[PDB]
Protein chains: 2
Amino acid sequence: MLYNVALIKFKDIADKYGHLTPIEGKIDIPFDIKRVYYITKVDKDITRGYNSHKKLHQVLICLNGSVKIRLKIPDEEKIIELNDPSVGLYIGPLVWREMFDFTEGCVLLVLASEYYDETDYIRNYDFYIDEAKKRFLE
Amino acid sequence: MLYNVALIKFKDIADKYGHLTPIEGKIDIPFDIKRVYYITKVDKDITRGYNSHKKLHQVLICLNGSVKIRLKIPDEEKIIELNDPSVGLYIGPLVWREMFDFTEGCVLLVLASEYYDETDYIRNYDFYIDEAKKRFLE
Ligand SMILES: Cc1cn([C@H]2C[C@H](O)[C@@H](COP(=O)(O)OP(=O)(O)O[C@H]3O[C@H](C)C(=O)[C@H](O)[C@H]3O)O2)c(=O)[nH]c1=O
Ligand SMILES: Cc1cn([C@H]2C[C@H](O)[C@@H](COP(=O)(O)OP(=O)(O)O[C@H]3O[C@H](C)C(=O)[C@H](O)[C@H]3O)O2)c(=O)[nH]c1=O
Ligand SMILES: C[C@H](O)COCC(COC[C@H](C)O)(COC[C@H](C)O)COC[C@@H](C)O
């Protein structure tokens, strides 16, 4: 079963004026926000990701529409659909992830614990498996 | 001229897989991201904002759809439409703002330089005008 992943619940401050959700570094999520990014205008048949990370922590949030996140570690896979702006998906080190079924108008926001650093990525699936079997298997 | 406001241009990494914009604290924007929040599901006839701040810096970004920002300082008003995820509207201290014409499903993301602090807000437009006059007029 799926280590290094959680669903985080944010305040959804909602009235006749609309919805607002705040996320304060170290309060609403466990790390300081050094970097954000967001993904938009993804075509319906596209899959993104295909990677893990050595040390990075992130929280993914779908702020409009819906998107599916495939989460993999050795011998376990989960799909999580993100479709509620008040819910974040925390993904820590050594989880492999893929994102797909981006709806029209979909907005995927990620909060990240470190500046962009390509050396922290694991893009090679066989190296990922070797590393992750060390961590997760006994 | 509209003091204390800028449009910042962010990287837009676009190809057949879609668009991604990264924003790194202190690099792509001048301050550290202590807090984000986002506004969604606002009805077409609503106006939000009606405030300013004493010391907060923020960057506003429309990640889907469109929204208009009314910016006011004494003796000046401008309206800016945000409809590009790759462009941030930096608003500094002692600028009054209102947001209206949220399209559906508009997403408005805000990056903020400080944790949420109600004592920093100026929500009374008379008090605003009073402090602002002292700043902006001769
Ligand atoms: C995140 C990021 C990416 N990039 C560049 C690197 C590539 O040239 C391009 C696309 O990167 P990538 O193929 O890694 O994008 P996704 O496949 O959507 O993966 C992203 O979203 C999933 C959820 C992840 O966990 C990754 O860490 C994150 O990169 O953007 C940057 O220049 N700065 C950045 O901060
Ligand atoms: C921003 C924020 C708000 N809230 C609470 C406080 C209020 O009870 C409620 C809505 O606040 P407000 O009426 O100020 O929301 P907007 O009129 O959309 O204004 C917001 O967006 C414009 C652009 C601004 O510049 C404000 O700083 C920002 O608050 O959410 C929190 O609890 N934490 C937060 O970080
Ligand atoms: C429902 C109405 O259409 C909105 O009225 C907005 C307001 C502020 O405009 C002042 C500035 C010149 O723009 C008009 O009030 C007159 C003043 C305050 O005495 C006050 O609203 C404050 C709420 C949003 O907290």
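Note that we place each Cβ from the backbone using ideal geometry, even for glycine, and neighbour counts take in every protein chain shown. Taken together, the values in this text are just the output of simple stated rules run on the coordinates, not laboratory data.
Going through the range B:7-28 one residue at a time, which ones are surrounded by 14 or more Cβ atoms within 10 Å (Cβ to Cβ) and more than 10 Å from chain A (Cβ to nearest Cβ)?
B:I8
Scan the range B:117-135 and tell me whether some residue there is in a loop (DSSP other than H, G, I, E, B), more than 16 Å from ligand 3 (Cβ to nearest atom), within 14 Å of chain A (Cβ to nearest Cβ) and closer than 30 Å to A:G65 by Cα.
No, because not a single residue in the range B:117-135 is in a loop (DSSP other than H, G, I, E, B), more than 16 Å from ligand 3 (Cβ to nearest atom), within 14 Å of chain A (Cβ to nearest Cβ) and closer than 30 Å to A:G65 by Cα.
From B:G25, B:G65, grab the single residue that is small (G, A, S) and in contact with a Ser or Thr (Cβ under 9 Å, 6 or more places away or on another chain).
Selected residue: B:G65, the only one of B:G25, B:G65 that is small (G, A, S) and in contact with a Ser or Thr (Cβ under 9 Å, 6 or more places away or on another chain).
Return the residues of the range B:61-73 that are within 14 Å of chain A (Cβ to nearest Cβ) and within 12 Å of ligand 2 (Cβ to nearest atom); say none if nothing qualifies.
Listed by number, the residues that qualify are B:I61, B:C62, B:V67.
Determine if the range B:37-51 includes at least one residue that is of a type in the set (K, R), more than 9 Å from chain A (Cβ to nearest Cβ), in a loop (DSSP other than H, G, I, E, B) and within 23 Å of A:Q58 (Cβ to Cβ).
There is no residue in the range B:37-51 that is of a type in the set (K, R), more than 9 Å from chain A (Cβ to nearest Cβ), in a loop (DSSP other than H, G, I, E, B) and within 23 Å of A:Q58 (Cβ to Cβ).
Filter the range B:41-60 for residues that are more than 11 Å from ligand 2 (Cβ to nearest atom) and in contact with a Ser or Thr (Cβ under 9 Å, 6 or more places away or on another chain); which is nearest to B:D126 (Cα to Cα)?
My answer is B:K54.
Filter the range A:96-114 for residues that are in a loop (DSSP other than H, G, I, E, B) and not hydrophobic (A, V, I, L, M, F, W, C); which is surrounded by the most Cβ atoms within 10 Å (Cβ to Cβ)?
A:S113
Quick test for you: out of B:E76, B:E104, B:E98, pick the one residue that is farther than 20 Å from A:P85 by Cα, within 13 Å of chain A (Cβ to nearest Cβ) and either within 16 Å of ligand 3 (Cβ to nearest atom) or charged (D, E, K, R) (or both).
B:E98
Considering only residues that are touching a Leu at 6+ places or on another chain (Cβ under 8 Å) and closer than 30 Å to A:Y115 by Cβ, which ones fall in the range B:36-57?
Selection gives B:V36, B:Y37, B:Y38, B:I39, B:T40, B:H53, B:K54.
How many of the residues in the range A:18-36 are of a type in the set (K, R) and in a strand (DSSP E or B)?
1
How many residues, within the range A:79-95, are away from chain B (no Cβ under 12 Å) and part of a strand (DSSP E or B)?
Counting residues in the range A:79-95 that are away from chain B (no Cβ under 12 Å) and part of a strand (DSSP E or B) gives 8.
For the range B:48-73, enumerate the residues that are under 25 Å from B:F136 (Cα atoms) and away from ligand 3 (no atom under 16 Å from the Cβ).
Answer for the range B:48-73, where residues must be under 25 Å from B:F136 (Cα atoms) and away from ligand 3 (no atom under 16 Å from the Cβ): B:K54, B:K55, B:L56, B:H57, B:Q58, B:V59, B:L60.
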